[PDB]
Amino acid sequence: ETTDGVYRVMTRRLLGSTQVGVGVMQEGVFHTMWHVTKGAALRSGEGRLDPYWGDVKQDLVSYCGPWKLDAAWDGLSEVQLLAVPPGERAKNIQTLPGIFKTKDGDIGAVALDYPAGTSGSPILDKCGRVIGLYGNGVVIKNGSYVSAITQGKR
Amino acid sequence: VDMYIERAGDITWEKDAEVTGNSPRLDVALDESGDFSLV
Ligand SMILES: N#Cc1ccc(C[C@@H]2NC(=O)Cc3cccc(c3)CNC(=O)[C@@H](CC3CCCCC3)NC(=O)[C@H](NC(=N)N)CCCCNC(=O)[C@H](Cc3cccc(C#N)c3)NC2=O)cc1
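If you read the sequences in order, they're chains B and A. No gaps in the numbering here: position 10 of the first sequence is 26 in the authors' numbering, and each next residue is one more. No gaps in the numbering here: position 39 of the second sequence is 87 in the authors' numbering, and each next residue is one more.
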């Protein structure tokens, strides 16, 4: 129920499911973005995953344990978005990140546009490590999107 | 509300992948609600 991998985050009403996000299972901890779940508990098979930590400002939340993802973009190399869009198979998209320049330091950022329910898809370095999650960003003048490479602290 | 997860794949790098998108450098701000904005 906590095997490593990338997962869809789904909601189910009286009929039909909707994909609201994506997340990463690693070291028995599920990692996703706060706006996906609002910190709500997650069903996994027959089991229940409980929120352990979160931060609305970072837009992150972990389940079952502390945040485990600590790989960092090197500021130099191309990365891969492992996009898991609603209703579509997971696909790798390689890209060279731009940068968010903030008063509190620079954050890598990827100029890739996907539906809301792709939020939480992991961004990978060349060794397959997760350097952050996709889905919190800005819209620029031509209507396209730039996502921060959002990484938490371990 | 039933919120649940389902496996979607293994987390691996893909050799000979598609290289797409630009590399913008943007001045941005972040508020206490976690929202980015252009500066
Ligand atoms: N003001 C300005 C500004 C700055 C940042 C944001 C946050 C941003 N929200 C949106 O993008 C909302 C939005 C605005 C305008 C138009 C749309 C949505 C409609 N577009 C889509 O539905 C979809 C289209 C693509 C086209 C290509 C083929 C696939 C589908 N695209 C998107 O929704 C976003 N792209 C664009 N707007 N170009 C990408 C969404 C990726 C996943 N992330 C999100 O959904 C987050 C959710 C969110 C909302 C509020 C707060 C937080 C945190 N805190 C997170 N949305 C955004 O990052 C909006 C306006």
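Note that beta-carbon positions come from the ideal geometry of N, C-alpha and C, so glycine has one too.
Nearest to residue i (by Cα), restricted to the options the options
i: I53 (chain A); options: B:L31, B:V36, B:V95; result: B:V36
i: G55 (chain B); options: B:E62, B:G61, B:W69; result: B:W69
i: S135 (chain B); options: B:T19, B:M26, B:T18; result: B:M26
i: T118 (chain B); options: A:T68, A:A77, A:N70, A:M51; result: A:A77
i: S33 (chain B); options: B:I109, B:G133, B:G21, B:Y150; result: B:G133
i: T68 (chain A); options: B:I109, B:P67, B:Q42; result: B:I109
i: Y150 (chain B); options: B:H51, B:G44, B:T18, B:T19; result: B:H51
i: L86 (chain A); options: B:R145, B:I147, B:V146, B:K157; result: B:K157
Chain-order list of residues whose beta-carbon lies under 7 Å from that of residue i (same chain, five-residue window excluded)
i: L65 (chain B); result: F46, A57, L58, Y79, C80
i: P113 (chain B); result: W89, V95, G124, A125, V126, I165
i: residue 177 (chain B); result: The structure shown has nothing for residue 177 (chain B), since chain B only spans 17 to 170.
i: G44 (chain B); result: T18, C80, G81
Anticipated Cβ contact below 8 Å, residue i with residue j, distance rounded
i: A56 (chain A); j: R24 (chain B); result: 5 Å
i: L128 (chain B); j: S163 (chain B); result: 7 Å
Own chain residues within Cβ distance below 8 Å of residue i, not counting five before or after
i: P131 (chain B); result: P101, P102
Nonlocal neighbours in the same chain, by C-beta distance under 6 Å from residue i, ignoring five residues either side
i: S160 (chain B); result: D129
Taking the runs of the beta strand (DSSP E) that are 3 residues or longer, which of them lie wholly in the stretch 21-51 of chain B?
Correct list: 21-28, 33-42, 45-49.
Report the start-end ranges of each beta strand (DSSP E) in the stretch 51-139 of chain B that is 3 residues or longer and not cut off at the edges.
As far as the stretch 51-139 of chain B is concerned, its whole beta strand (DSSP E) runs of at least 3 residues are 58-60, 63-65, 67-71, 76-79, 95-99, 107-111, 114-118, 121-126.
Residues of the stretch 78-99 of chain B with a CB closer than 8 Å to any CB of chain A: list them in chain order, please.
Residues passing the 8 Å Cβ filter: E94, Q96, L98.
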